[PDB]
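Heads up, the thing below is written out as structure tokens.
Heavy-atom basis, side chains included; hydrogens, waters and symmetry copies ignored. Ligands are counted one by one from 1 in listed order, and the atoms in each one are counted from 1 as well. By convention here, the first residue in the shown sequence is residue 1.
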Amino acid sequence: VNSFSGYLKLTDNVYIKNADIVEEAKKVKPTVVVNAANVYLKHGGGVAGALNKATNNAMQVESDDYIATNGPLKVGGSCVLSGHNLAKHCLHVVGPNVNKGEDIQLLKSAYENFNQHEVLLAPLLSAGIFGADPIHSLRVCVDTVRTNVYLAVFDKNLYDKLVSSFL
Ligand SMILES: O=C(Nc1ccc(C(=O)N[C@@H]2c3cccc(O)c3C[C@@H]2C(=O)O)cc1)NC1CC1
């Protein structure tokens, strides 16, 4: 049993809710919150901008030190950093950004990072300002992630359509 409340069971291991990932993280304090990161860990907008703002920019400060030491991530890759006031850890995962012309096939590799964690609070990878189809992202999630994932969806109208179109 875990403390994720009001989620909708989609499969054995994937659950979904119309909710602000910032609020879910603050309420649940999950072991892992997933950030929709880019390879430079520049948390300017979308989920990343919102999570970083909620940490009062501490996420960005930590991220800048990480990049200065290690260099950029790979598209499809990830790193584990602090969850600050949101979670124990933040798993920064880089889905392909279609608005930058990146290969959508890398979306499955991006979701494979979730399998290294037994339970996660997460956004749909490559959705929103990343420019991929959220219905496609949900399908790849369900077909790739085997650990227990709680997906928070900011947009109410998108949530309604993700539920009604899910196979
Ligand atoms: O600012 C915040 N939260 C905050 C939460 C999510 C987002 C965000 O970018 N959502 C995206 C969106 C929007 C529309 C369609 C989409 O496919 C997507 C994908 C993605 C998502 O839903 O995962 C931005 C901000 N909270 C402060 C306290 C009030």
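- The shortest side-chain heavy-atom distance between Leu121 and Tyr7 falls under the 4.5 Å cut-off.
- Follow the hydrophobic side-chain contacts under 4.5 Å out from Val39 and you never reach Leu107; the two are in separate clusters.
- Of all the atoms in ligand 1, the ones that sit under 4.0 Å from a non-hydrogen atom of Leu158 are 15 (C), 16 (C), 17 (O).
- Within a 6.0 Å radius of NZ in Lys27, more than 12 heavy atoms belonging to other residues, nucleotides or ligands are found.
- Among all protein heavy atoms, the one lying closest to atom 5 (C) of ligand 1 is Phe154 CD1, 3.4 Å.
- Listed by atom number, the atoms of ligand 1 under 4.0 Å from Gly128 heavy atoms are 12 (C), 16 (C), 17 (O), 18 (C), 19 (C).
- For ligand 1, the atoms closer than 4.0 angstrom to any heavy atom of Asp155 are 14 (C).
- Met59 contributes atom CE, which lies 14.5 Å from atom NZ of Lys53 (distance to the nearest 0.5 angstrom).
- Of the heavy atoms in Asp20, only side-chain atoms (C-beta onward) come closer than 4.0 Å to ligand 1.
- Near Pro123, meaning under 4.0 Å from one of its heavy atoms, ligand 1 places the atoms 23 (O).
- Residues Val145 and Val47 are members of separate hydrophobic clusters, defined by side-chain heavy-atom contacts under 4.5 angstrom among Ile, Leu, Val, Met, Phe, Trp and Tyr.
- Proximity to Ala50 (heavy-atom distance under 4.0 Å) selects the following atoms of ligand 1: 1 (O), 2 (C), 3 (N), 4 (C), 25 (C).
- Counting only distance, with no hydrogens or angles, the side chain of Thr147 and the backbone of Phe114 share a donor-acceptor pair below 3.5 Å.
- Residue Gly46 places no N or O, backbone or side chain, under 3.5 Å from any N or O of ligand 1.
- The aromatic rings of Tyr150 and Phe4 lie parallel to each other, their planes meeting at an angle below 30°, with 60° marking the opposite boundary.
- Of all protein heavy atoms, the one closest to atom 20 (C) of ligand 1 is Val47 CG2, 4.2 Å.
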